[PDB]
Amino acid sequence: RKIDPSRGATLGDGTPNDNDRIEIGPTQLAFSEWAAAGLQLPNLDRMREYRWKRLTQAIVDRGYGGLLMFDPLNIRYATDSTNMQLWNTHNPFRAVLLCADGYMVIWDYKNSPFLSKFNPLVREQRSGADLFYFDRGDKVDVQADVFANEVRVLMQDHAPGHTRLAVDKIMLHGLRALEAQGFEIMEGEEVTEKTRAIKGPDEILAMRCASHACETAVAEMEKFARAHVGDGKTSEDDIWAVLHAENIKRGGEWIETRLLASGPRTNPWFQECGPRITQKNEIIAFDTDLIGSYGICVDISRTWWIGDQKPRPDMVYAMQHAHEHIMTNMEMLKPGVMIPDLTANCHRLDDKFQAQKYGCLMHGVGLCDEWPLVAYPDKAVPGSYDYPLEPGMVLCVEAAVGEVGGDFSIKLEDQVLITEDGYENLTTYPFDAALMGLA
């Protein structure tokens, strides 16, 4: 019943070597590629304990009694348990309570309590935290009270004396029911974002794996693009579909955006991947925004030139400017640097690129986009992110370069770990040799 005949009772990440197990994860395909690349696998048990310990400590540090989580990404961080993640993002059927003493309860889908049993840090599997109109119609309120009473009892038993309960996001019916139980509702995101910002050693290992899988998937997509672009039928969607499939084949989870565009659709940026028929001798730019293997986000961006002619000089300049932008800004990264100083000292894009520059020069990343957000000086708000970088943070470093009314933009982005004494760029994906002007 082993899924890997070559191993003993456990896989390299410590999970059961059992083809019929409930728990999912990276595929044999992914494991083989990582092994061949000499990547160390994370130990999931140790990873889960690390996250749980850190999240409990965050609650304690703030003087709160507990943290209640409805965002599926927070639930994933706390428990490492998935359940229809994407459905969950807009249907709040699920909840995790983590109390100050570390006691953790999940309210799951009624039918699927077994989905988090692989994590013994989840002490109970309940149901009935689904407080929205589709699931309960005109009787949300009655169950909202049942749920809030359950939270009151758990908090009485596991955080006695505490009235402060942090909540990331909760339906209005839930909010009221909790407030009626005497809780003072605190900002859960301030707790979760700052906790998730520091990755432990296994999370970094998992991220190295996800990044490799993502670059492999992207490589397949580039092969497909260069082979098929300009054949009169291949569309943006056709190319992008390769990324989707190659991600899923490696045990990835979803893609957050539609950020792949061709030709004049790259400017302005943020136009979505669609039916456009791609053309020979045009730019194609994209952003992975990918929730990949082990549920880790890999958020990188590349711009390709595909054609029999040379890219225009203005395209080469833009690309080199973009590359310079991220390499300069990345070099600012080391422990102890204050976020607003990254803002104040960032590489200056030429005037003609300023109007359409990206919404940030950097941002955190983990299970998805995460705190912090490092804004350009003209958008930065004083007092918003007054904190220093620390080892174990991971920041994506961004560049969007294009002119107002122009017919192309460049998007580049690399994913960068903060180390004990500087940074390590985790992204190894090539830059288009033609656009870089290296021919």
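Residue numbers here begin at 1 and follow the sequence given.
- Mean CA temperature factor is higher for 113 to 121 when stretches 77 to 85 and 113 to 121 are set side by side in the entry.
- For the pair 287 to 295 and 152 to 160, the mean B factor over Cα atoms is greater in 152 to 160.
- Of all the options 347, 258, 90, 208, the entry's greatest CA B-factor is assigned to 347.
- Among 239, 166, 322, 227, the highest C-alpha B-factor in the deposited entry belongs to 227.
- When all modelled residues of the chain are sorted by CA temperature factor, residue 384 is found within the lowest third.
- Per-chain ranking of the deposited C-alpha B factor places residue 414 in the lowest third.
- In this PDB entry, the Cα temperature factor of residue 340 sits in the middle third of its chain's modelled residues.
- Per the PDB record, residue ranking by Cα B-factor puts residue 36 in the highest third of the chain.
- In this PDB entry, residue 53 carries a Cα temperature factor that places it within the middle third of its chain's modelled residues.
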